[PDB]
Amino acid sequence: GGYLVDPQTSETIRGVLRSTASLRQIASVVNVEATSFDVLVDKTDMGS
Amino acid sequence: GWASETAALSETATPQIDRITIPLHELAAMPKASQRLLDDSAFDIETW
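Caption draft 1: Looking closely at the overall build of chain B. Tallying secondary structure elements over chain B gives one helix and zero strands in all. Counting only C-alpha atoms and orienting by the principal axes, one finds that chain B spans roughly 90 × 20 × 10 Å. Looking at chain B as a whole, 2% of its 48 residues qualify as buried. Of the accessible surface of chain B, which amounts to about 5,800 Å², a share of 56% is contributed by carbon and sulfur atoms.

Right under this line is the structure:
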């Protein structure tokens with residue numbers, strides 16, 4: 001009778017859980033719609 | 001069995017069962033037709 005019985009497949013196709021910490025949590029994201037982004041940053045300071 | 005009146009009938013056979021897998025293959029054709037014909041050939045080449 002082995003052929004009569006068929007196993008109940010599953011409810012969904014479950015997967016391995018992988019971590020979701022992505023450094024996008026604390027870093028600064030910007031919505032840029034150009035081909036690039038230019039951050040301007042003085043590498044030195046003034047004089048007095 | 002052809003059981004008697006007083007016989008104390010025993011267990012009997014039961015048919016063994018076979019399973020046959022119809023693999024359900026695929027049959028594909030791919031005819032190519034030029035668009036200059038499909039629109040300029042008043043016969044319905046699409047449905048033909």
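Okay, back to it.
Caption draft 2: Examining the overall build of chain A more closely. For chain A, the helix and strand inventory stands at zero helices and zero strands. Seen through its C-alpha atoms, chain A measures out along the principal axes to roughly 95 × 25 × 10 Å. Counting over 48 residues, chain A shows a buried share of 0%. In the structure as shown, chain A presents an accessible area of about 5,700 Å², 54% of it carried by carbon and sulfur atoms.

Caption draft 3: Representation of unusual backbone geometry in the model. Despite not being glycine, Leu 23 of chain A shows a phi value in the positive range, around 65°. Given the relative accessible area of 60%, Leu 23 of chain A is considered exposed.

Caption draft 4: Quick look at the pattern of salt bridges. Residue and element names in this part refer to chain A. Applying the stated criterion to the full structure yields two salt bridges over all chains. With a closest N to O distance of 2.7 Å, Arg 14 and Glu 11 form a salt bridge. The burial state of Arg 14 is the same as that of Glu 11; both residues are exposed.

Reading the values: the criteria
- Residues numbered from 1 in each chain as written, not as in the entry; some residues may be left out.
- Chains lettered and ligands numbered in written order.
- Part of a larger assembly, values for the part shown.
- Heavy atoms only, no water.
- Helix = DSSP H or I, 4+ residues; strand = E, 2+ residues; numbered from the N terminus.
- Buried < 20%, exposed > 50% of the residue type's maximum accessible area, 1.4 Å probe, protein only.
- Areas by Shrake-Rupley, 256 points an atom, 1.4 Å probe, with all protein chains shown as cover.
- Salt bridge = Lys/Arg side-chain N within 4 Å of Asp/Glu carboxyl O.

Everything listed here is a matter of coordinates, which is why it stays silent on function.
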